[PDB]
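Architecture and fold: a report
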Amino acid sequence: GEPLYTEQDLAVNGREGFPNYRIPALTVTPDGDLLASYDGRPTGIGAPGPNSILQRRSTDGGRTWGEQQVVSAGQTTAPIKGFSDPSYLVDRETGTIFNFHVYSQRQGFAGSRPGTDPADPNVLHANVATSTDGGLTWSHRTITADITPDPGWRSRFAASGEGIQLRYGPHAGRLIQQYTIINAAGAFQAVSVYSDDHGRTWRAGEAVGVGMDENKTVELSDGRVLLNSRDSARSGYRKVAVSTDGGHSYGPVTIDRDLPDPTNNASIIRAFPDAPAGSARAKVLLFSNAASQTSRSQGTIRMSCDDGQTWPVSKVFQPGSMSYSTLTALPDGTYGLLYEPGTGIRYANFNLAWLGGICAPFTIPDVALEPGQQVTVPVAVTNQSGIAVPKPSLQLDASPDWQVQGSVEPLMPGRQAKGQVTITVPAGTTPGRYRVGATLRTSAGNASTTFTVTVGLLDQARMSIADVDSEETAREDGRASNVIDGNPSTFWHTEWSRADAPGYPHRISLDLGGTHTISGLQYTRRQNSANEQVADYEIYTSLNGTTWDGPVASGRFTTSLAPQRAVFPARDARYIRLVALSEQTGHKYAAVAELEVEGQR
Ligand SMILES: OC[C@H]1O[C@@H](O[C@H]2[C@H](O)[C@@H](O)[C@@H](O)O[C@@H]2CO)[C@H](O)[C@@H](O)[C@H]1O
Ligand code: NA
C-alpha cells in the first residue's frame with residue numbers, strides 16, 4: 001500500500017507552561033483515543049525536580065490533539081513534591097488505564113534511601129495513577145511498600161513508555177510494568193512489577209542482571225516474555241533476557257549485538273498484538289531506538305519476524321537528534337511513535353509499507369584476504385515471508401574501488417535460498433577491517449545485513465601475549481590479552497592499584513603463532529578514558545622472542561579513537577613488540593584497546 005510517515009510536535013520547550021518537556025509515554029484507550037504523556041519540568045531536571053505528569057488526547061486517530069492536561073501536579077511550596085517519568089498500561093479486559101511515575105520529595109533515583117513509608121521524604125516513591133474513565137480523571141496511589149520485597153532495594157523507577165498485558169498462558173491477563181531498582185551493593189537491576197487482579201494489587205518479581213537500567217518487556221508468540229534493557233555499563237548495545245513464568249523471573253542477561261544503543265531508552269512491541277499464539281503474525285516485533293553506539297541520533301525502526309531472534313528489516317525515522325522513543329499499535333493498522341527530537345515531544349505515525357521490509361533474514365560470513373585477491377562467499381536467505389520471489393537481487397555497499405557483486409536464487413515459501421557474493425580488492429588497499437553492507441531487494445520489500453572483509457591483517461585468534469611490563473587485574477580487567485580479542489571495549493591497562501606500579505616506558509609483545517611476513521601495526525586507544533593514551537612509541541620484532549630487532553618503526557600516536565598505523569619495510573617475524581615511551585599528557589599508565597598486525601596470513 002501507499003507508504004505513510006507523518007510527524008507533529010506535541011510539546012515544545014518554553015511553550016504552554018514549562019521550559020522543558022521530556023520522557024514520552026503513549027497508548028491507545030479502549031475507545032480508540034490516543035493518549036500521549038510526558039513530564040513538564042519547571043527547573044529542567046529529573047527527580048527531585050518539582051515536576052508534573054502531563055497528558056494530551058487525540059480523538060481523531062492522531063491527526064489533532066487536545067489541550068495539555070495535568071495527570072499529577074508537582075508542588076513548589078512546602079511540602080515539595082515532584083512526579084516524573086510516565087509509563088502507560090491499559091487493562092484491555094477491564095478498560096482501566098494506569099500511568100506509573102515516580103513521586104519525589106527530597107531525593108532523586110541515585111540519592112534515594114531505604115524505606116517505604118510514603119511520608120519519608122528521602123525515599124523515591126513508586127506511584128501509579130488509575131483512570132476508569134479513559135484517562136479523563138485519575139486517582140493516585142503509592143505502591144512502594146508493595147513492590148520492595150528486599151529491604152536493601154533503596155531506590156526504584158518504572159521504565160518510561162508503555163507496559164503490557166499478557167494474552168497467553170496460565171498468567172493470561174497479568175499486567176506487567178518494568179522497573180529499575182538499586183540494591184544494597186549499589187547495582188542497577190531490572191525487575192517486573194505485576195498484577196494478576198486487574199491492578200488492585202501489585203508486587204515485584206525476582207530482580208535480574210547487573211548494569212541494567214530502563215527496560216521493556218514483550219510477550220512472544222509462545223508466551224515467553226522477552227526483556228530488552230538499556231545497559232548502564234555502556235556496552236554500546238541492548239541487553240536481553242527471557243522469562244518462561246510470565247515475567248516473574250528471567251534467565252541470564254546477554255548483550256544483543258544486533259541492537260546497537262548509546263545508553264538510552266527504547267521500545268519493543270508486538271506488531272499484531274491480537275494474533276493467536278504460535279501464528280506467523282504473533283512472531284512479528286517492532287523495535288525503536290537510537291541506532292548508534294555513541295550518540296542519541298539515527299532513530300531507527302527495526303522489525304523481526306521470528307520473536308526477536310533476527311532483525312532483517314530497518315529504516316531510519318530520524319537521522320538527527322533522537323533520545324527516548326515509544327511505539328504503540330493503532331486500531332487502523334498503523335503505528336504511533338512518540339519521541340524526543342531535542343525540542344520537546346514529537347508524535348510520528350507510520351505504516352509497514354513505509355518500513356518497506358521483507359521477512360527474509362540472511363547471512364554472509366566474514367572473510368579475510370590479501371590486497372590483490374578475489375574471493376567468493378556464500379549467502380544464505382531464510383525466507384520467513386510465506387511468499388515466492390522470482391527475481392530477488394543483492395546490492396552491496398563496499399569501497400568504490402573494490403569490485404563487489406552478488407546474486408541470490410529465487411525465494412520459495414518456507415525455504416532457504418542460496419546466493420553468493422564475489423569480492424575483488426585492488427593491490428595497495430590499506431589493511432583494515434571493512435564493514436560491507438548487503439541489501440536483499442525484492443518487489444515485496446528489502447532486508448539487510450553486514451559482514452566484515454579483513455584485508456591484509458593477521459589472524460588475532462592465532463596470536464598470544466609473549467610478554468608485558470605491567471597489567472592491572474586486581475581492580476579491573478586490564479589483561480594484556482585484551483588487545484587481541486577483537487573487541488574495542490576491552491583493553492590492556494598497566495598496573496594502577498598499587499602505589500609502586502611502574503610509569504613509562506611500558507611494553508607489550510605478541511606471539512603471532514608462526515612466522516609471517518609483516519609490515520605494520522595498528523593501535524586503537526582505550527575508548528572511554530583519555531589519560532592512558534600512548535604517545536611516543538617504538539616497534540621491534542623477533543624470530544625467537546628473545547633477541548629483538550629495531551626500532552623498525554617509531555613515531556607519536558594522536559588522540560584519534562580510530563585505528564592508527566605504524567608501518568615498516570616488510571620483514572619476517574614470529575613476534576612483534578610495542579614500546580610505549582610516553583603518555584599524551586604525562587600520566588603514569590598505558591591502556592590499549594586493540595593491536596592488529598599488517599601482514600600476510
Ligand atoms: O587511577 C587509575 C584509574 O583511574 C580510573 O579513573 C578514576 C579517575 O581518574 C579519578 O579522577 C576518579 O574520580 O575515579 C575514577 C574511577 O572510576 C580509571 O577508570 C581506571 O581504569 C584507571 O585508569
Ligand atoms: Na580489546
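Residues numbered from 1 in each chain as written, not as in the entry; some residues may be left out. Chains lettered and ligands numbered in written order. Heavy atoms only, no water.

Judging from the entry metadata, X-ray crystallography is the method by which this structure was determined, and 1.70 Å is the reported resolution.

With the PDB entry as reference, the protein is termed BACTERIAL SIALIDASE, source organism Micromonospora viridifaciens. In its Subcellular location section, UniProt records this for the protein: "Secreted". (UniProt positions renumbered as here; feature names shortened; annotations may be inferred.)

At 2.3 to 2.6 Å from the sodium ion (ligand 2) lie its protein donor atoms, namely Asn-482 (O), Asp-485 (OD), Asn-487 (O), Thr-490 (O), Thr-490 (OG1), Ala-593 (O) and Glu-594 (OE). Taken in sequence order, the residues that donate to the sodium ion (ligand 2) follow the motif N-x2-D-x1-N-x2-T-x102-A-E. With a relative accessible area of 38%, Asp-485 lands in the partly exposed category. (Donors = N, O, S within 2.8 Å, 3.2 Å for Na, K, Ca; no water. Buried < 20%, exposed > 50% of the residue type's maximum accessible area, 1.4 Å probe, protein only.)

Applying the stated criterion to the full structure yields 18 aromatic pairs. Aromatic side chains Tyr-21 and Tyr-38 sit 5.7 Å apart centroid to centroid with 80 degrees between the ring planes, which places their arrangement in the edge-to-face category. One end of the pair, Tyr-21, is in strand β2 (residues 21-28); the other, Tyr-38, is in strand β3 (residues 34-40), and 17 residues separate them in sequence. Neither residue differs from the other here; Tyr-21 and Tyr-38 are each classed as buried. Between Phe-100 and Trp-202, the ring centres sit 5.1 Å apart and the planes meet at 90 degrees, which makes this aromatic pair edge-to-face. Here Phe-100, found in strand β7 (residues 97-104), pairs with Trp-202, found in the loop between β14 (188-195) and β15 (203-204); they are 102 residues apart in sequence, far enough to count as distant. With relative accessibility at 0%, the residue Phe-100 sits in the buried group. Following the ring pairs from residue to residue traces out a cluster consisting of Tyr-5, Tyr-335, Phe-350 and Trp-354. Stacked on the ring of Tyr-324, the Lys or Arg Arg-22 has its end atom at 4.8 Å from the ring centre. (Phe/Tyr/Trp six-rings, centres within 6.5 Å; stacked < 30°, edge-to-face > 60°. Helix = DSSP H or I, 4+ residues; strand = E, 2+ residues; numbered from the N terminus. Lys NZ or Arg CZ within 6 Å of the ring centre and 35° of its normal.)

Sheet strands pair by backbone hydrogen bonding; their relative direction is either parallel or antiparallel. Pairing is antiparallel across the open sheet formed by 4 strands, whose spatial order is β1-β26-β25-β24. Looking at the sheet topology across the chains shown, the edges are occupied by β1 (5-12) and β24 (325-329). The average undirected angle you get between the axes of adjacent strands in this sheet is 20 degrees. Bridge count for strand β25 (residues 335-339) against strand β26 (residues 344-350) is 5 bridges, and the pairing is antiparallel. The residue of β26 that forms the bridge with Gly-336 is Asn-349. (Pairing = 2+ DSSP bridges. Axes fitted to C-alpha atoms, helices over the stretch in contact; angles between N-to-C directions.)

With that settled, the discussion passes to the pattern of salt bridges. Using the criterion set out here, one finds 23 salt bridges in the structure. A salt bridge links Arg-346 to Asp-9; the shortest N-O distance between them is 2.8 Å. One end of the pair, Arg-346, is in strand β26; the other, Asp-9, is in strand β1, with 337 residues separating them in the sequence. Of the residues examined, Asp-9 reaches a relative accessible area of 36% and is grouped as partly exposed. Among the salt bridges present, the one from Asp-222 reaches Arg-224, with a minimum N-O distance of 3.0 Å. Classification of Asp-222 as partly exposed rests on a relative accessible area of 48%. One salt-bridge network, held together by shared partners, links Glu-7, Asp-9 and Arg-346. (Salt bridge = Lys/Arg side-chain N within 4 Å of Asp/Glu carboxyl O.)

Positionally, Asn-349 belongs in strand β26. When neighbours within four sequence positions are excluded, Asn-349 is seen to be in contact with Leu-4, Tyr-5, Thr-6, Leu-330, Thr-334, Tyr-335 and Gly-336. Only 2.9 Å separates the side chain of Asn-349 from the side chain of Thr-334, close enough to count as a polar contact. (Contact = heavy atoms within 4.5 Å. Polar contact = N/O pair within 3.5 Å; in protein donor to acceptor, adjacent residues only side chain to side chain.)

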